[PDB]
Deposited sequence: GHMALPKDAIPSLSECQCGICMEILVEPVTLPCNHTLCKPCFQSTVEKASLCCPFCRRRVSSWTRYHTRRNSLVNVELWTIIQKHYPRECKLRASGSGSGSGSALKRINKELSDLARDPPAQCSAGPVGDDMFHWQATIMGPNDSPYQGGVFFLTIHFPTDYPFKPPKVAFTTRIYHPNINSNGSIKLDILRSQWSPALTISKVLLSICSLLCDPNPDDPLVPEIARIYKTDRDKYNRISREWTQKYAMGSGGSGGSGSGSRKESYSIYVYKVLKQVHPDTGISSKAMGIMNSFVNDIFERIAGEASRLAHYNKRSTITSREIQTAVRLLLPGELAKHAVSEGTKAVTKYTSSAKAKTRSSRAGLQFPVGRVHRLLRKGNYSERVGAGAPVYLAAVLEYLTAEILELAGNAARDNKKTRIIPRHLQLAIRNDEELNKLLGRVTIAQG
């Protein structure tokens, strides 16, 4: 409807309508226009005199609108009873896109990094890119939405307005950016650009010439490139790791039985164990993603997992973790394909599930089979290390059940574990 706020992405409250006839809620207007700019954030129209004119008379609010909004949509305004900033905006855009994604597109954060997203675009049916799946990277600036996102292809594509760096010449990405635009709108505009290039303002002149001279040749090469570079990679869909809190209680219990078979673990302690596992998962995979992008690799393999482990884990933990991961990958590759993936690897932690979580987190275009095996073995090893020391702490205190205090002692009393996990809250 026409009653949404384009800056904060909400129903308008105390709306202020500028002479350019852009409107924004009084909170946003005060934050952006009154405090500093004295210009419309959408079109940059100067409103210096107009604001002072009305501010000294308490006549900023569009009373007719405001008064109309409250009577005609009181239920919607019940939300307005409830009523960083860039982070809030990004999160709202994700919520909206997660519900109904743009046609032919999906996008979501990379791991827990809200300012770095992955996007995928299916080649429009209209276009010669049909059948291909095109990956993109999205970086939001700190002052989003008042500055555009950086959007570039990571999949090679033949197009007059997209070059070998993946850069996209498209006006709304730069000169025509406005905080009224969303990532959903951007991806749709990119889809239209694939269907209808702009050869008159090209990024790659040679391709634009062919598009204007020999369209047949343009279409043939576009299909050839689609087949060569945009096939066999559909992505994980969705919109990132989501808000679900993953549990590994099943596997923590199994490991505890192996390490301390006469020792139990409380429900609160299990919650903390899940926090440890999830935190280590995110840090290792986030670093492996960094390495894949940095080296322009479409697939995360056990190579990036190992290098991530060597950088992030301290001393002996890193060496033992690397040994465990290497041995798991070796056992996995020389095993019978009939058994379960975890069984092939000699692991308790679920290899298939870790593989899915590595794909769901948008860390890379593809994930090789060795990666989840290596990571699952590292998570299992660290879990066993923690449980061994926490059970020792329990036994030191003449207890038979691990509670959060015993987890805090295990971490604090081991120099390397405190380095790795000391920043995770227990309390």
Should a student be asked to find the unmodelled regions, what ranges of the deposited sequence would be the right answer here? 1 to 13, 97 to 101, 446 to 447
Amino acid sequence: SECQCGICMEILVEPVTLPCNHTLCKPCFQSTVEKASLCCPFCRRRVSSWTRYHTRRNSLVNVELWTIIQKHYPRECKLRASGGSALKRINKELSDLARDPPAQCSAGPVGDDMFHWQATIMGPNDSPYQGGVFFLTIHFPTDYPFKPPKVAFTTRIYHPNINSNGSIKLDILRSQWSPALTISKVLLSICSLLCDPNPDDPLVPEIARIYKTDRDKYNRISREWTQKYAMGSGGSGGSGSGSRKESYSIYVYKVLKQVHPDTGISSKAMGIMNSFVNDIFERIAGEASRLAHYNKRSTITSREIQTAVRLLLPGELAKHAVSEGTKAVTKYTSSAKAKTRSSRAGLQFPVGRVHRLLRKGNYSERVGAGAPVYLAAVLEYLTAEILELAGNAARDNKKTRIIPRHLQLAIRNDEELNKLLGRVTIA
From here on, numbers count along this sequence of modelled residues.
Which of 32 to 40 and 383 to 391 has higher mean CA B factor, as the PDB entry lists it: 32 to 40
May I ask you to compare 111 to 119 and 125 to 133 by their mean CA B factor in the entry and name the higher one? 125 to 133
Candidate set 103, 207, 288, 168 [ranked by C-alpha B-factor, highest]: 103
Report the option among 185, 223, 71, 254 whose CA atom has the maximum B-factor in the deposited record. 71
Per the entry's values, where does residue 414 land by CA temperature factor relative to the rest of its chain, in the lowest, middle or highest third? lowest
Sorting the chain's CA B-factors, does residue 191 end up in the lowest, middle or highest third? middle
Grab the CA temperature factor for residue 154 from the record and place it in the lowest, middle or highest third of its chain. lowest
The third of the chain into which the C-alpha temperature factor of residue 218 falls is the highest
Residue 320 by Cα B-factor - lowest, middle or highest third of the modelled chain: lowest
